[PDB]
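First up is the structure itself, then whatever we jot down about it.
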Amino acid sequence: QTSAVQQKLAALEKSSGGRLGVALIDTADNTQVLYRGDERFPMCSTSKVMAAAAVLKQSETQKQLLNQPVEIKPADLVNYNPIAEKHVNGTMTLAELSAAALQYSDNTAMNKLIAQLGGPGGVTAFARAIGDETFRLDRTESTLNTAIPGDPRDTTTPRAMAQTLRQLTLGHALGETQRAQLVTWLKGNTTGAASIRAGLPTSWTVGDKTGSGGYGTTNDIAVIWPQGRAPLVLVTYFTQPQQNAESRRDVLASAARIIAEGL
């Protein structure tokens with residue numbers, strides 16, 4: 025029952041200190057389970074999925090767009106840029122910047138993707154054009170991770186991001202080669218081993234993007251191909268009242284366990 029899952033999520037949330045948002049879509053019957062599904066949460070690095078997908082859309086009609094070299098200037102470096110810092114005063118392709126933003130959550134690469142889309146408003150505009158009316162991106166890295174309570178900048182709801190994640194990876198928001206590329210990048214993420222993945226059996230396939238930021243904000247959005256059933260889309264947002272709160276990736280694993288076991 026969806027409701028059993030709710031009680032367990034609510035109980036999880038009380039023990040968490042913080043505020044939990046969940047949104048599951050089960051594509052076997054298109055059922056939805059929601060916990061705080063229409064409450065806004067700071068998106069942090071999970072936003073990078075939208076930036077990369079928007080650039081992929083651009084590439085549907087600028088054929089060679091992803092192989093074009095983009096200059097990495099000293100002014101482009103931000104804190105936590107493990108991939109791009111190794112290319113300062115050099116070049117990366119929008120493909121390499123996509124992979125770095127998605128699979129290592131590189132913030133300099135994210136800012137390059139945002140810049141390629143014409144700024145925060147350019148990412149938001151792509152969300153609007155795929156029917157995501159809730160997503161809003163308002164700032165660049167790394168200041169978009171401030172996750173200040175009650176600030177609607179750089180937020181979405183779990184319901185909106187699960188709907189959009191399905192659109193991008195299993196629906197028709199992107200072209201076929203672009204959709205495959207996006208799914209290949211998410212499946213190759215390196216930073217989500219302790220989040221949703223750690224709540225799921227290892228035989229299941231997972232494409233995911235983690236997020237982290240201020241106020242102990244710990245997020246994950248995933249696409250999940252279990254054995255023996257249609258894929259699932261699971262969004263797990265978590266933030267805390269203290270600005271210096273510690274990340275709680277285990278809480279997201281617990282949320283995913285609750286879901287894999289009860290649905």
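Read in order, the letters of the sequence shown are residues 25 to 57, 59 to 238, 240 to 252, 254 to 290 in the entry's author numbering. In this text, a Cβ means the ideal position worked out from N, Cα and C, and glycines have one as well.
Item checked: Through-space distance from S27 to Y60, alpha-carbon basis -> 10 Å
Next item on the list: Identify which residue in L122, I250, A47 has its Cα closest to the Cα of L91.
Entry: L122
Note to self: Suppose contacts are defined by Cβ-Cβ distances below 8 Å. Is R275 in contact with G224 by that definition?
What the structure shows: no
Item checked: contact_flag[the stretch 127-145, the stretch 210-222] where n(CB pairs < 8 Å) is 3 or more -> yes
Note to self: Between which residues of its own chain and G200 is the CB-CB distance below 6 Å, once the five residues before and five after are set aside?
What the structure shows: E85
Note to self: Below 8 Å on the Cβ atoms is my contact criterion, and I expect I139 with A76 to pass it. Report the Cβ-Cβ distance as a whole number of Å.
What the structure shows: 6 Å
Next item on the list: Determine the extent of the alpha helix (DSSP H) in which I139 is found, giving its start and end residues.
Entry: 132-141
Checklist line | Of the listed residues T244, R191, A52, nearest to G255 (C-alpha basis) | finding: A52
Notebook entry, point to check: Is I155 near the ligand NAP, with its Cβ less than 7 Å from a heavy atom?
Noted result: Because no ligand of any kind appears in the structure shown, any question about the ligand NAP cannot be addressed here.
Next item on the list: Give the secondary structure of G232 by DSSP, where H, G and I count as helix, E and B as strand, and everything else as coil.
Entry: strand
Note to self: Measuring CB atoms only, is the stretch 105-124 touching the stretch 66-82, in the sense that at least three cross pairs come out at less than 8 Å?
What the structure shows: yes
Next item on the list: Report the partner residues of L259 according to the DSSP bridge assignment.
Entry: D50, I250
Margin query: Can you list, in chain order, the residues of its chain with a C-beta nearer than 6 Å to that of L48? Leave out the 5 residues immediately preceding and following it.
Written below: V57, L261, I286
Notebook entry, point to check: Just reading off the beta strand (DSSP E) that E96 is part of, what are its end residues?
Noted result: 94-97
Check: Mind checking whether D101 and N136 have CB atoms under 8 Å apart?
Finding: yes
Notebook entry, point to check: Mind checking whether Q141 and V80 have CB atoms under 8 Å apart?
Noted result: yes
Check: To the nearest angstrom, how far is it from the Cα of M117 to the Cα of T263?
Finding: 31 Å
Next item on the list: Taking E158 as the reference, give the member of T189, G289, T165, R178 with the closest Cα.
Entry: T189
Notebook entry, point to check: What number of angstroms, rounded off, separates the C-alpha of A185 from the C-alpha of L33?
Noted result: 19 Å
Check: Could you give the C-beta distance for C69 and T194, rounded to a whole number, given that I count them as a contact under 8 Å?
Finding: So it is not a contact: roughly 20 Å between Cβ atoms.
Next item on the list: For the beta strand (DSSP E) containing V57, list its first residue and its last residue.
Entry: 55-60
Notebook entry, point to check: Relative to the C-alpha of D163, which residue among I155, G147, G196 is closest?
Noted result: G147
Notebook entry, point to check: Once you ignore the five residues that flank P67 on each side, which residues in its own chain have a CB closer than 7 Å to its CB?
Noted result: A172, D179, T180, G238, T243, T266
Note to self: Please identify the residue among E64, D50, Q31 whose C-alpha is closest to the C-alpha of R43.
What the structure shows: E64
Notebook entry, point to check: Considering only C-alpha positions, which residue in the set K98, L279, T168, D176 is nearest to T235?
Noted result: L279
Next item on the list: Just the C-alpha distance for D50 and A257, rounded to the nearest angstrom, thanks.
Entry: 7 Å
Next item on the list: Give the DSSP-derived three-state secondary structure of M68 in the structure shown.
Entry: coil
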